[PDB]
Each structure stands twice: as structure tokens, then as C-alpha cells.
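Okay, so here's the structure we're looking at.
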Amino acid sequence: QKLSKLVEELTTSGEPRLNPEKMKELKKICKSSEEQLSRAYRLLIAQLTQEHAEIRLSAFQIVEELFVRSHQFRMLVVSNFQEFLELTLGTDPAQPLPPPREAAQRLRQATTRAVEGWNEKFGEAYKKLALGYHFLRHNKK
Amino acid sequence: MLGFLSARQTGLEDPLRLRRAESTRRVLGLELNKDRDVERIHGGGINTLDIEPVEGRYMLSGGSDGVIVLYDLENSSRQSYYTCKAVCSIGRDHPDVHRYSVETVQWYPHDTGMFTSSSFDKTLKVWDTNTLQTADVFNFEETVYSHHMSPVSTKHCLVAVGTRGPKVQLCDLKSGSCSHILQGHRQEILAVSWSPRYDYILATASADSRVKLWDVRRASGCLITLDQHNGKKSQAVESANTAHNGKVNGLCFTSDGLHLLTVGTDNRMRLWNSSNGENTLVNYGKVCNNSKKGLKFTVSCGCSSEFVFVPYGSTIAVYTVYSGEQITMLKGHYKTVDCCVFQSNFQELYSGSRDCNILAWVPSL
């Protein structure tokens, strides 16, 4: 719906840059209804699973901004988020063989910095962020 | 439930019902407690955990880095949230620390004053818990994949040790005699386990896909070799009577000791009658293991129904022992899961993993 419209308007790689007005509109829409974000993750898995690395970066940034801002993606990324733990363990680490890793190295660095930020941003009881960061630092950063 | 309380109170049901039924209900509700943590001390993956059989207060933990950590599982703080603090630790600086990965660690049953730990440095060291100094060191000529002391033997104090050699070594802690060997396997022995029922029965599983139960008192070789088919494919035993179609890297007698659960790298678990090794044909489906070393798994105790908790990759799969129904898969680790141990007092599960974490799974509400 409108979630998909905003996802298309933002993830488009023809203008691959962070736009604040669209992101604040998405934040306000997600705050208006929690069900906006539960399908948004499904949209983001579309963008993470897409061929273009810029779309993956855009969907990662959208997920991060919804988790840190909307207060509805927080209840997806810091509660009922084993999907998020597995996507963190599969994104930076090697994709499970035979399927190899398809993201770009700049996207790997961006994910590393996002994990380092989220270690302190929301870690009141979610320590698997830090555990995954340590595993990366000792196995496939 | 209030029906359960009222039934207990009026004697309609034996109080055993409410324990066992409630114990089960608690097991089915196991969920990663973020209201409980275990202090991170391992630099490497946890290969093994062991809660002490008497009083269940302390846990030992063996790491891939060689350190043995000793944790206290009681919430001595007044908060509802606590971290199981690490009491002691055989750290990198201990003179006696293992040199390579600790592969097994075990409390001496009958007393918390001594535990034992075996490693890839080819040693099984016996430790005084109090002074935390080794009391004995047995050296083996090949890397130790697992050992096990009898949970029941008031009489003997043998440790069965499985190494990469094809022979099972029995180490007598009473005057230290590491000569006795059981011979009959053909490749590394990836798992040994004493029977919880019979004082001198030992089951040993090997990479040759065969599992043998031994009466170590006996001078005459294995009692039983477990056979997948029970005889449908029957051959003069030189290569047949394999328990699995891969390596058998796990054993666990069920609580009462009447059945044996083996897991092997054909991605199957089987349930065997430990008296005649017959196969009960419990299905259990597909259980992923591809561990190259022993896989340490447990059963539940004191519930209405017995459960087995098996590492399934990065999760712990819970199955009902006697019917095979997969209860659930507890998903909270990040890398493969190496060991899970069950706390029988409170139906809590602790599981270690290669990601250097020990996660507690406690029943919800």
C-alpha cells in the first residue's frame, strides 16, 4: 500500500541518498499504525533479497530508521526479532552454502557500523547484537 | 490449572500429578530468558556444560579455548534479573589449564568436591573443586573426544574415555589405573555414556556407525551392538549392525535408563531399547547434525512426558522421546549449538554454542 509506495520512492537507486522528509513521513505513518511496519519488514526482505546492492542498502537504512524512530519496528527488531538476528548473521557473514554472499563491501561496512551503533542504541536486554558483533570480529567480520 | 491446585488440595489426584504435569507444562514453555544471562568468559565456543547432580546449583563449562569456567546458577541477588556469575575459572594463566579445546567436563557424581575435564590435549585431568588444582592427570595417546563417570556407581569409579583411538579406555580414579581398554570399535569413539540404571553398563558410539553396550566387568566384549533394522538386513557381523548411516556422535540414556538415544550424522536420531538394543522405530524425523566431534545432548527428568533436547544446528530441537513429536525448536543462538544441559529442579535448559554464549531457556510464566 502506502508502505510499498514509500519503499519504492526511497529505495530507488536513481537517487541513492537519504531524504529526510520522506523518512519523517515514513516514521509518522509507522507511528500512526503498527501494522504498517509488520508488512514493511516483508518489503525490506524484498529489498535485501533484491539484485541491486543499492536497494539492499536502502532497505537496511529503512529498517534501521524504523527500528530507532517509529517505535513499531522496535517491537520487531528488539522483540520477536530472531528473523533480525538471522539476517544479521547472514548479511555480514557468509550466505549459507551453496548460496554465497551477494552484498557489496560498502554494504558490509555499513552493516558493521549499524551493528556498532545498535549495540548501545537499543541493548537494554538484547545482547545478541553485541554477541554477533564479537563473533564477526572473531569470525567473518 | 486451578483445577490442578484444587485437585491436589482435595486428594483427587496424587500430588505427583501436579508436579509432573506442571513440570511438563513448564518444559513446553521454554523460552529464551532475557531475564537471565550467563557471564561471558569463554573466548572460544563452549563445547560442554554440566550442572551438578546434587543440588543443581553450579555449572561447569568447557571452552574451545581450553578454559573451564565454573558458574553459579542461583540468583543470590534480590532482583528478578540476574547474571549467573562465574565463581571460579581455569583460565589462560592457570598452570594446569588445558592446552587445547576442553571437550568434556563432568562433576563427580556423588559429590561436588571434584570434577573432571578432558581435552584435545589428550589429557583427562581430575580437579579438586575447592583448591582448583589438579589431583590427577591421565594421559592418552590420542585426542579425547568425550569421557563420562557413572552417575550411579557407588562401587566403581571408572571414567570411560573415548579418544581418536579405536579403543575405549577406562580410567580408575581409585588407584589410578588407566590400562583397561574395551576393544571392538574400529574408528574414533565419539561418545561414551554410562547407564543410569546399571552400575557397569557403558555405551560407546563411534565413527564407524556402530554403537556397542559393554559390561565393563565382563571380560568378553560388547553385550550388544545396536542395529538399525533389527535383522531385516542380517549379515555375519563384520561390517553390519550399524546404528546409523554416518558417524554416531551422540549418546544419551533416557532418565530411567531404559532406552538409549543415539544421534549420528546421517541426520537421524534413534531410540533403542537398552536391554536388547532393539530399535523402537521412533521416528523423530530429520535431526541435523554435522558435528565432527561429540554432540552433547540431554533428556528431561521428572516430567509427565520425557523430552530430549538436541542441538539442531543453531537451535535446540525439543522432541518427545517416546513418540517423536517435535515439541518446538528453541531459536536463540547465532552459530551451531554444541551442548545443552537440563536443570532438573526447575525445568531450565542451558545451551552453549560456538558463538561463545550460554543461553538459558526457562519456562515462561
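Ligands are numbered from 1 in the order shown, chains are lettered A, B, ... in the order of the C-alpha cells, and residues start at 1 in each chain.
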List every residue of region 289-353 of chain B that DSSP, applied to the backbone of this structure, assigns to strand (DSSP E or B), and report them as JSON, numbers by chain.
{"B": [296, 298, 299, 307, 308, 309, 310, 311, 312, 315, 316, 317, 318, 319, 320, 326, 327, 328, 329, 330, 337, 338, 339, 340, 341, 342, 343, 348, 349, 350, 351, 352, 353]}
Could you save those same residues with N, CA, C and O atoms as a tab-separated table (two decimals), in the first residue's frame?
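After the write, out_39.tsv holds the following:
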chain	number	residue	atom	x	y	z
B	296	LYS	N	26.70	-33.18	22.45
B	296	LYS	CA	26.25	-33.42	23.80
B	296	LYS	C	24.80	-33.02	23.96
B	296	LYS	O	24.49	-31.85	23.98
B	298	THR	N	20.79	-33.93	25.93
B	298	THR	CA	20.21	-34.39	27.18
B	298	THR	C	18.77	-34.81	27.03
B	298	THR	O	18.13	-34.52	26.05
B	299	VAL	N	18.26	-35.38	28.10
B	299	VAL	CA	16.86	-35.67	28.26
B	299	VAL	C	16.36	-34.91	29.47
B	299	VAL	O	17.11	-34.53	30.35
B	307	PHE	N	11.29	-35.57	27.50
B	307	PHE	CA	11.67	-34.84	26.33
B	307	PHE	C	13.14	-35.02	26.12
B	307	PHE	O	13.88	-35.23	27.06
B	308	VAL	N	13.59	-34.88	24.89
B	308	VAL	CA	15.00	-34.84	24.57
B	308	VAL	C	15.26	-33.54	23.87
B	308	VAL	O	14.46	-33.13	23.03
B	309	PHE	N	16.31	-32.86	24.26
B	309	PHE	CA	16.69	-31.58	23.71
B	309	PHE	C	17.95	-31.76	22.90
B	309	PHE	O	18.99	-32.01	23.49
B	310	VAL	N	17.91	-31.63	21.59
B	310	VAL	CA	19.05	-31.97	20.73
B	310	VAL	C	19.50	-30.74	19.98
B	310	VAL	O	18.69	-30.14	19.30
B	311	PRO	N	20.78	-30.40	19.96
B	311	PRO	CA	21.19	-29.30	19.14
B	311	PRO	C	20.92	-29.63	17.69
B	311	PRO	O	21.24	-30.70	17.23
B	312	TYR	N	20.28	-28.71	17.00
B	312	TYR	CA	19.86	-28.85	15.63
B	312	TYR	C	20.42	-27.65	14.93
B	312	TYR	O	19.75	-26.69	14.68
B	315	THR	N	19.94	-24.22	16.79
B	315	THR	CA	18.76	-24.23	17.61
B	315	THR	C	18.79	-25.50	18.39
B	315	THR	O	19.59	-26.38	18.13
B	316	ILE	N	17.94	-25.58	19.39
B	316	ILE	CA	17.77	-26.76	20.20
B	316	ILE	C	16.43	-27.30	19.83
B	316	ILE	O	15.44	-26.63	20.03
B	317	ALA	N	16.38	-28.49	19.32
B	317	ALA	CA	15.12	-29.06	18.95
B	317	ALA	C	14.61	-29.92	20.07
B	317	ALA	O	15.33	-30.79	20.53
B	318	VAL	N	13.37	-29.74	20.48
B	318	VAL	CA	12.83	-30.50	21.59
B	318	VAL	C	11.91	-31.53	21.03
B	318	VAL	O	11.05	-31.19	20.23
B	319	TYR	N	12.06	-32.75	21.44
B	319	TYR	CA	11.27	-33.84	20.92
B	319	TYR	C	10.74	-34.60	22.09
B	319	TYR	O	11.33	-34.59	23.14
B	320	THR	N	9.63	-35.23	21.91
B	320	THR	CA	9.11	-36.15	22.88
B	320	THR	C	9.71	-37.49	22.69
B	320	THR	O	9.60	-38.05	21.62
B	326	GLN	N	8.03	-33.56	17.59
B	326	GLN	CA	8.85	-32.40	17.84
B	326	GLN	C	8.06	-31.34	18.57
B	326	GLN	O	7.16	-30.74	17.99
B	327	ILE	N	8.40	-31.06	19.81
B	327	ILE	CA	7.67	-30.04	20.52
B	327	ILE	C	7.93	-28.71	19.90
B	327	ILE	O	7.03	-28.05	19.41
B	328	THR	N	9.16	-28.30	19.87
B	328	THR	CA	9.49	-26.99	19.39
B	328	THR	C	10.96	-26.98	19.07
B	328	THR	O	11.67	-27.95	19.30
B	329	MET	N	11.38	-25.91	18.44
B	329	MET	CA	12.77	-25.63	18.20
B	329	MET	C	13.07	-24.31	18.83
B	329	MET	O	12.55	-23.30	18.38
B	330	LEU	N	13.92	-24.31	19.83
B	330	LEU	CA	14.22	-23.09	20.53
B	330	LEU	C	15.27	-22.33	19.77
B	330	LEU	O	16.40	-22.78	19.70
B	337	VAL	N	24.95	-25.09	17.67
B	337	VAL	CA	24.83	-25.35	19.09
B	337	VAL	C	25.56	-26.62	19.39
B	337	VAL	O	25.36	-27.63	18.72
B	338	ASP	N	26.39	-26.59	20.40
B	338	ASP	CA	27.26	-27.69	20.75
B	338	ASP	C	26.75	-28.56	21.87
B	338	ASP	O	26.98	-29.75	21.85
B	339	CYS	N	26.11	-27.99	22.88
B	339	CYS	CA	25.74	-28.73	24.07
B	339	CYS	C	24.54	-28.08	24.69
B	339	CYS	O	24.41	-26.87	24.66
B	340	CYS	N	23.65	-28.87	25.23
B	340	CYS	CA	22.59	-28.37	26.05
B	340	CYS	C	22.50	-29.24	27.27
B	340	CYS	O	22.65	-30.44	27.18
B	341	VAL	N	22.24	-28.63	28.40
B	341	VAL	CA	22.16	-29.37	29.64
B	341	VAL	C	20.89	-28.93	30.32
B	341	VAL	O	20.45	-27.81	30.11
B	342	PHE	N	20.29	-29.81	31.07
B	342	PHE	CA	18.97	-29.61	31.64
B	342	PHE	C	19.07	-29.50	33.13
B	342	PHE	O	19.68	-30.34	33.77
B	343	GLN	N	18.43	-28.51	33.67
B	343	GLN	CA	18.39	-28.32	35.10
B	343	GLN	C	17.12	-28.95	35.62
B	343	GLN	O	16.04	-28.43	35.41
B	348	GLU	N	14.85	-25.89	33.54
B	348	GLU	CA	15.60	-24.88	32.83
B	348	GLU	C	16.61	-25.61	31.97
B	348	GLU	O	17.09	-26.67	32.36
B	349	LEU	N	16.90	-25.06	30.82
B	349	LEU	CA	17.88	-25.59	29.91
B	349	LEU	C	18.93	-24.54	29.70
B	349	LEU	O	18.60	-23.40	29.46
B	350	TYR	N	20.19	-24.92	29.76
B	350	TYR	CA	21.29	-24.08	29.36
B	350	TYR	C	21.94	-24.72	28.16
B	350	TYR	O	22.08	-25.93	28.14
B	351	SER	N	22.31	-23.94	27.17
B	351	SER	CA	22.92	-24.48	25.98
B	351	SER	C	24.08	-23.63	25.59
B	351	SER	O	23.92	-22.44	25.47
B	352	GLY	N	25.20	-24.20	25.33
B	352	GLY	CA	26.32	-23.46	24.81
B	352	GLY	C	26.48	-23.61	23.33
B	352	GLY	O	25.99	-24.54	22.73
B	353	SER	N	27.25	-22.73	22.75
B	353	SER	CA	27.35	-22.71	21.32
B	353	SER	C	28.68	-22.15	20.90
B	353	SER	O	29.38	-21.51	21.67
Applying 12 Å and only C-alpha atoms, which residues near residue 42 (chain A) remain after dropping the ones on its own chain fewer than 2 positions away? List them as number ranges by chain.
A: 3-4, 7, 35-40, 44-49, 59, 63, 76, 83-84
Taking only C-alpha atoms into account, name the residue in B:358, B:365, B:160, B:97 that is nearest to chain A.
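Among B:358, B:365, B:160, B:97, it is B:358 that comes nearest to chain A.
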At most 12 Å to chain A: residues in chain B, only C-alpha atoms, as a VMD selection string
chain B and resid 31 to 40 42 to 45 81 to 83 314 to 315 330 to 336 353 to 359
Export, as a tab-separated table (two decimals), in the first residue's frame, the selected residues with N, CA, C and O atoms.
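And here's out_27.tsv as it stands now:
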chain	number	residue	atom	x	y	z
B	31	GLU	N	11.56	-20.73	26.95
B	31	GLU	CA	11.77	-19.61	26.08
B	31	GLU	C	13.02	-18.92	26.54
B	31	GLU	O	13.36	-18.95	27.70
B	32	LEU	N	13.71	-18.30	25.59
B	32	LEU	CA	14.98	-17.69	25.88
B	32	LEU	C	14.69	-16.68	26.91
B	32	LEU	O	13.81	-15.86	26.72
B	33	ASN	N	15.36	-16.75	28.03
B	33	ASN	CA	15.09	-15.78	29.04
B	33	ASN	C	16.05	-14.67	28.73
B	33	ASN	O	17.26	-14.89	28.71
B	34	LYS	N	15.55	-13.50	28.41
B	34	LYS	CA	16.37	-12.31	28.53
B	34	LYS	C	16.33	-11.74	29.93
B	34	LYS	O	17.04	-10.77	30.21
B	35	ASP	N	15.51	-12.30	30.81
B	35	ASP	CA	15.59	-12.03	32.23
B	35	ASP	C	16.57	-12.98	32.93
B	35	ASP	O	16.35	-13.32	34.09
B	36	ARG	N	17.53	-13.54	32.21
B	36	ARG	CA	18.63	-14.28	32.81
B	36	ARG	C	19.77	-14.42	31.83
B	36	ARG	O	19.55	-14.74	30.67
B	37	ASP	N	20.98	-14.26	32.31
B	37	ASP	CA	22.15	-14.26	31.48
B	37	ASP	C	23.23	-15.06	32.15
B	37	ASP	O	23.21	-15.27	33.35
B	38	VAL	N	24.20	-15.48	31.37
B	38	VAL	CA	25.35	-16.16	31.90
B	38	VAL	C	26.56	-15.34	31.53
B	38	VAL	O	26.66	-14.87	30.40
B	39	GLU	N	27.44	-15.12	32.48
B	39	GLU	CA	28.56	-14.23	32.25
B	39	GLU	C	29.45	-14.80	31.16
B	39	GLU	O	29.74	-15.99	31.16
B	40	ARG	N	29.85	-13.96	30.21
B	40	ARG	CA	30.72	-14.38	29.12
B	40	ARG	C	32.13	-14.46	29.64
B	40	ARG	O	32.66	-13.50	30.18
B	42	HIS	N	34.22	-17.36	28.07
B	42	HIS	CA	34.92	-18.12	27.07
B	42	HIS	C	35.29	-17.23	25.93
B	42	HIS	O	34.47	-16.49	25.42
B	43	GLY	N	36.55	-17.30	25.55
B	43	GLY	CA	36.91	-16.71	24.29
B	43	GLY	C	36.54	-17.56	23.10
B	43	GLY	O	36.40	-17.03	22.00
B	44	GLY	N	36.38	-18.86	23.29
B	44	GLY	CA	36.03	-19.76	22.23
B	44	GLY	C	34.71	-20.43	22.51
B	44	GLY	O	34.13	-20.27	23.57
B	45	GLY	N	34.26	-21.22	21.55
B	45	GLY	CA	32.97	-21.85	21.69
B	45	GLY	C	32.94	-22.73	22.91
B	45	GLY	O	33.96	-23.20	23.38
B	81	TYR	N	16.16	-10.01	37.82
B	81	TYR	CA	17.12	-10.18	36.75
B	81	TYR	C	18.49	-10.44	37.31
B	81	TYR	O	18.98	-9.66	38.12
B	82	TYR	N	19.14	-11.47	36.81
B	82	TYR	CA	20.47	-11.72	37.30
B	82	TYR	C	21.28	-12.39	36.23
B	82	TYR	O	20.75	-12.93	35.27
B	83	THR	N	22.59	-12.29	36.39
B	83	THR	CA	23.56	-12.97	35.56
B	83	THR	C	24.19	-14.07	36.38
B	83	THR	O	24.66	-13.81	37.48
B	314	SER	N	21.80	-24.32	14.76
B	314	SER	CA	21.84	-23.22	15.68
B	314	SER	C	20.64	-23.14	16.59
B	314	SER	O	20.29	-22.06	17.01
B	315	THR	N	19.94	-24.22	16.79
B	315	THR	CA	18.76	-24.23	17.61
B	315	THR	C	18.79	-25.50	18.39
B	315	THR	O	19.59	-26.38	18.13
B	330	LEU	N	13.92	-24.31	19.83
B	330	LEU	CA	14.22	-23.09	20.53
B	330	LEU	C	15.27	-22.33	19.77
B	330	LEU	O	16.40	-22.78	19.70
B	331	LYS	N	14.95	-21.17	19.30
B	331	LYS	CA	15.82	-20.41	18.41
B	331	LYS	C	16.41	-19.19	19.09
B	331	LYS	O	15.75	-18.16	19.18
B	332	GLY	N	17.63	-19.28	19.55
B	332	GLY	CA	18.28	-18.09	20.05
B	332	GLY	C	19.77	-18.02	19.91
B	332	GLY	O	20.34	-17.04	20.35
B	333	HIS	N	20.41	-19.02	19.37
B	333	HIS	CA	21.84	-18.95	19.22
B	333	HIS	C	22.16	-18.38	17.88
B	333	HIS	O	21.29	-18.23	17.05
B	334	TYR	N	23.40	-18.04	17.68
B	334	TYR	CA	23.85	-17.49	16.43
B	334	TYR	C	24.66	-18.43	15.58
B	334	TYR	O	24.61	-18.31	14.36
B	335	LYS	N	25.38	-19.36	16.16
B	335	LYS	CA	26.16	-20.32	15.43
B	335	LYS	C	25.68	-21.67	15.87
B	335	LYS	O	24.71	-21.78	16.56
B	336	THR	N	26.32	-22.71	15.42
B	336	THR	CA	25.83	-24.03	15.73
B	336	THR	C	25.79	-24.21	17.22
B	336	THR	O	26.43	-23.47	17.94
B	353	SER	N	27.25	-22.73	22.75
B	353	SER	CA	27.35	-22.71	21.32
B	353	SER	C	28.68	-22.15	20.90
B	353	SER	O	29.38	-21.51	21.67
B	354	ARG	N	28.99	-22.35	19.64
B	354	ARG	CA	30.26	-21.91	19.15
B	354	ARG	C	30.41	-20.42	19.16
B	354	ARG	O	31.52	-19.94	18.97
B	355	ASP	N	29.35	-19.67	19.34
B	355	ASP	CA	29.46	-18.23	19.44
B	355	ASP	C	29.75	-17.77	20.82
B	355	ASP	O	29.39	-16.66	21.16
B	356	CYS	N	30.30	-18.60	21.66
B	356	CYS	CA	30.80	-18.17	22.93
B	356	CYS	C	29.70	-17.64	23.84
B	356	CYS	O	29.93	-16.76	24.66
B	357	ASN	N	28.50	-18.20	23.73
B	357	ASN	CA	27.38	-17.81	24.57
B	357	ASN	C	26.77	-19.03	25.18
B	357	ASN	O	26.77	-20.09	24.59
B	358	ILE	N	26.24	-18.85	26.37
B	358	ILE	CA	25.47	-19.86	27.04
B	358	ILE	C	24.16	-19.22	27.31
B	358	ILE	O	24.09	-18.25	28.05
B	359	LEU	N	23.13	-19.74	26.72
B	359	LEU	CA	21.82	-19.16	26.79
B	359	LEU	C	21.01	-20.01	27.71
B	359	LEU	O	21.11	-21.22	27.68
Do a neighbour search on region 14-17 of chain B at 10 Å with only C-alpha atoms, toss out local chain neighbours closer than 6 positions, and write the hits as a VMD selection string.
chain B and resid 4 to 5 7 to 8 23 302 to 304
Give me, as an MDAnalysis selection string, all polymer residues having an atom no more than 12 Å from residue 131 (chain B), counting only C-alpha atoms and skipping those fewer than 5 positions away in the same chain.
chainID B and resid 88:90 113:115 126
Those residues with C-alpha atoms, as a PDB file, in the first residue's frame please?
ATOM      1  CA  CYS B  88      35.989 -19.918  39.501  1.00  0.00           C
ATOM      2  CA  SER B  89      37.759 -20.375  36.197  1.00  0.00           C
ATOM      3  CA  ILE B  90      40.666 -22.444  34.872  1.00  0.00           C
ATOM      4  CA  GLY B 113      34.135 -31.568  45.534  1.00  0.00           C
ATOM      5  CA  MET B 114      35.796 -32.924  42.449  1.00  0.00           C
ATOM      6  CA  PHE B 115      35.195 -32.609  38.744  1.00  0.00           C
ATOM      7  CA  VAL B 126      40.768 -34.574  37.718  1.00  0.00           C
TER       8      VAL B 126
END
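All residues of protein, DNA or RNA that reach within 10 Å of residue 105 (chain A), judged by only C-alpha atoms and not counting those fewer than 4 positions away in the chain, are residues 53, 92, 109, 110 and 111 of chain A.
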Please produce an output containing N, CA, C and O atoms for each residue in the selection, written as an mmCIF file, in the first residue's frame.
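This went into result_19.cif:
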data_model
loop_
_atom_site.group_PDB
_atom_site.id
_atom_site.type_symbol
_atom_site.label_atom_id
_atom_site.label_comp_id
_atom_site.auth_asym_id
_atom_site.auth_seq_id
_atom_site.Cartn_x
_atom_site.Cartn_y
_atom_site.Cartn_z
ATOM 1 N N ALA A 53 22.564 -3.824 -5.120
ATOM 2 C CA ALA A 53 23.115 -3.586 -3.790
ATOM 3 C C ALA A 53 22.611 -2.277 -3.202
ATOM 4 O O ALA A 53 22.482 -2.156 -1.975
ATOM 5 N N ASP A 92 26.353 -9.911 7.045
ATOM 6 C CA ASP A 92 27.781 -9.651 7.169
ATOM 7 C C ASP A 92 28.548 -10.959 7.026
ATOM 8 O O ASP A 92 29.571 -11.008 6.333
ATOM 9 N N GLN A 109 30.426 -2.800 5.342
ATOM 10 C CA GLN A 109 30.902 -1.780 6.274
ATOM 11 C C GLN A 109 29.740 -1.016 6.896
ATOM 12 O O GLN A 109 29.756 -0.710 8.096
ATOM 13 N N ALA A 110 28.724 -0.694 6.091
ATOM 14 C CA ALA A 110 27.553 -0.005 6.621
ATOM 15 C C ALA A 110 26.829 -0.860 7.650
ATOM 16 O O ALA A 110 26.382 -0.353 8.684
ATOM 17 N N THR A 111 26.711 -2.165 7.394
ATOM 18 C CA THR A 111 26.079 -3.054 8.360
ATOM 19 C C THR A 111 26.908 -3.179 9.632
ATOM 20 O O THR A 111 26.348 -3.244 10.732
#
Leaving out residue 141 (chain B) and any residue of its chain fewer than 6 positions from it, which residues lie within 9 Å of it when counting only C-alpha atoms, given as a ChimeraX atom specification?
/B:122-123,163-165
Writer output for current selection, N, CA and C atoms, as a compact mmCIF listing (two decimals), in the first residue's frame:
# COMPACT_ATOMS: atom_id res chain seq x y z
N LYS B 122 44.78 -34.34 24.80
CA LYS B 122 45.00 -35.72 25.12
C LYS B 122 45.10 -35.99 26.59
N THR B 123 44.56 -35.13 27.44
CA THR B 123 44.58 -35.38 28.88
C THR B 123 43.17 -35.35 29.44
N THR B 163 38.65 -41.58 22.66
CA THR B 163 39.71 -40.82 22.04
C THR B 163 39.60 -41.06 20.56
N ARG B 164 40.56 -40.58 19.79
CA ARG B 164 40.57 -40.95 18.39
C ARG B 164 41.04 -42.35 18.18
N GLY B 165 41.57 -42.99 19.18
CA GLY B 165 41.94 -44.34 19.01
C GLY B 165 40.70 -45.12 18.94
Which value, in Å to one decimal, gives the distance between CA of residue 264 (chain B) and CA of residue 247 (chain B)?
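According to the coordinates, CA of residue 264 (chain B) and CA of residue 247 (chain B) are separated by 5.2 Å.
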Could you please determine the separation between CA of residue 200 (chain B) and CA of residue 156 (chain B) in Å, to one decimal place?
8.3 Å
